[PDB]
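Take a look at this single chain in structure tokens; it is the form deposited in one PDB entry.
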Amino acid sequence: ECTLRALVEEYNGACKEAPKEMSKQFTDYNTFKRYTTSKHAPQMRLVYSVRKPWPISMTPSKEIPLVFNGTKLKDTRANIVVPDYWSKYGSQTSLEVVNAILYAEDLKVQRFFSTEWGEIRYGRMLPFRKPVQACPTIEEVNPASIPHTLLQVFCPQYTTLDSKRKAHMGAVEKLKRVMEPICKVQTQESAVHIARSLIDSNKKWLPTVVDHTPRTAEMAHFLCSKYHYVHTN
């Protein structure tokens, strides 16, 4: 497949252009993955960046330059309205593509609109914060075994016997069934982020007046407070 020759040519280019850089140790990756001379925050410049005449940088593609006096292509940089042009009079994709491009978001939304809420009643409750699991997970996976579960899900061949041993079985297969369509449509970084978010059991400090299940702990900024408490299903 052309991907193999692409990797070979990129390897040859990296070796030719960067002699000393390739000679660094492989374990140094965790060091030079963040090598950048860039540092407050774009929040202080976004208002002017959006109003720049050509804010959006767009890769060459099939976009009309002038529509109803649009001047939206300079051949690169694009116009601020081309995302809205890509919402009407554009190109569509398959229904499966849009169904699989977001899965964890759908799971979070459906759990919101699936629970009946009782009558909110007020009192002098004093809420005390305990560390509880942030969001519900597809299966109970220990924090230590999450990297190995992800390793089995994404790259089974680049693993080791004990990596398989200290990986929670069962959740790997369900993660595979749910991430097979997601992997092919999104990038690998996005795929691994979504998968870990599906399996991560991160204990976060949340307000607590009664014992919280992960389902209840996911939505806790409005269920209980110092002056109100509504009881779930």
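Superpose the two forms; the largest set of C-alphas matching within 1.5 Å is the rigid core. Note that residue numbering follows the sequence shown and begins at 1.
- According to the entry, the stretch of the deposited sequence that connects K39 to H40 contains 1 to 3 residues lacking coordinates, which leaves a short gap in the model.
- According to the entry, the deposited sequence places 10 or more unmodelled residues between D75 and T76.
Absent from the display: the form deposited in another entry. The rest refers to it.
- Only one candidate in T31, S57, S190, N202 has its Cα displaced by 2 Å or more between the shown form and the other one after core superposition: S57.
- In this overlay on the rigid core, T160 has a C-alpha that sits less than 2 Å away from its partner position between the shown form and the other one.
- Relative to the superposed rigid core, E96 undergoes a CA displacement of at least 2 Å between the shown form and the other one.
- Comparing the forms between the shown form and the other one on their rigid core, the Cα displacement of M169 stays under 2 Å.
- Relative to what is shown, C135 and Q186 are farther apart in the other entry; their C-alpha atoms differ in spacing by at least 3 Å.
- Annotation: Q186/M219 CA-CA distance longer in the other entry than in the displayed model, change of at least 3 Å.
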